[PDB]
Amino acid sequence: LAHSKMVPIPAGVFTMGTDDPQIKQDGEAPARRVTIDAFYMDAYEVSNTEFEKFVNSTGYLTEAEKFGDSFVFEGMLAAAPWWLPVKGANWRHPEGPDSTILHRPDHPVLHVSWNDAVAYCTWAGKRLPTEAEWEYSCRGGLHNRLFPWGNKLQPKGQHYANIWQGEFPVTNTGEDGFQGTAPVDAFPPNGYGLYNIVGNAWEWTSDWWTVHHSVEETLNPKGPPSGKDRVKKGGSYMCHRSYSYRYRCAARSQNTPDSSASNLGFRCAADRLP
């Protein structure tokens, strides 16, 4: 296991967003050309074991632990009826107090807020990626494709990410091998060597959220200078085309920085190797 390893993301210019938005309300459009300097991105979502090293070192108490609850999906026992605020749900107890991470050490850490993520990444000598860095990395060196690997969901009849199969929220068939999370090194890597950049856990980025973007060309953009919610990307094991088509690199959603949930984690980035 080298689950804190990073890969070099090459310098480049890419098209962020899309002129064929699938969820117009989320500000997927307009497409815009963005220049990104070379940097390093974690290959994997941060896992339970890796977060535990952080907590062992620092004693850090996550925001969910201090608040005393976090959001859990009903099917595995609010923004929607299937999200329940569960007392005692947190990163060590992902479905509530009588759940554990002991059997899933290599799964992504969950119930981590934006502040928790920044704390971890900074402890590790890293940072959160910007939304543009994240999306560039997700796209894996391909231009204007839906997914890290291309435009087909199951290329060559193979599952390439951990999302939902079946009728959401009543039945998850586990066709792709995982009803909940998968290990952080599951599924194929994209062209840059990243795993589970779409699906598995959602991923925090550093940007404040807006839906108003210019078509102007930009360099290492950081998002708007103010806001109330931070941007998350990539979708999760819960997503399905029928209700939340957000396992595309262009997709985007938001939460207040003190929010946490059972389908939301993160990975770090860095300008240089730590």
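Numbering starts at 1 and runs along the sequence shown.
Trainee: What number of residues from the deposited sequence go unmodelled in the gap from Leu77 to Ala78, classed as none, 1 to 3, 4 to 9, or 10 or more?
Mentor: Unresolved stretch here: 10 or more residues.
Trainee: Mean C-alpha B-factor higher for 260-268, or for 21-29?
Mentor: Averaged over C-alpha atoms, the B-factors run higher in 21-29.
Trainee: Tell me which stretch has the larger mean Cα B-factor in this entry, 137-145 or 80-88.
Mentor: Comparing averages over the C-alpha atoms only gives 80-88.
Trainee: Between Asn48, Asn220, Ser236, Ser206, let me know which has the highest C-alpha B-factor in the entry?
Mentor: The C-alpha B-factor peaks, among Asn48, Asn220, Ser236, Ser206, at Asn220.
Trainee: Maximum C-alpha temperature factor per the entry, among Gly180, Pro129, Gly193, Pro155, belongs to which one?
Mentor: Within the set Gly180, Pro129, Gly193, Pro155, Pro155 shows the top C-alpha B-factor.
Trainee: Determine, from the deposited record, the chain-internal third of the Cα B-factor for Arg246: lowest, middle or highest.
Mentor: Tercile = middle for this residue's CA B-factor.
Trainee: Taking only the Cα B-factors deposited for this chain, tell me whether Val112 sits in the lowest, middle or highest third.
Mentor: Lowest third.
Trainee: By the record's CA B-factor, is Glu52 among the lowest, middle or highest third of residues in the chain?
Mentor: CA B-factor rank for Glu52: middle third.
Trainee: Comparing against every modelled residue in the chain, figure out the third that the C-alpha B-factor of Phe187 lands in (lowest, middle or highest).
Mentor: Its C-alpha B-factor belongs to the lowest third of this chain's values.
Trainee: Divide the modelled residues of the chain into thirds by Cα B-factor and specify which third, lowest, middle or highest, holds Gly174.
Mentor: Its C-alpha B-factor belongs to the middle third of this chain's values.
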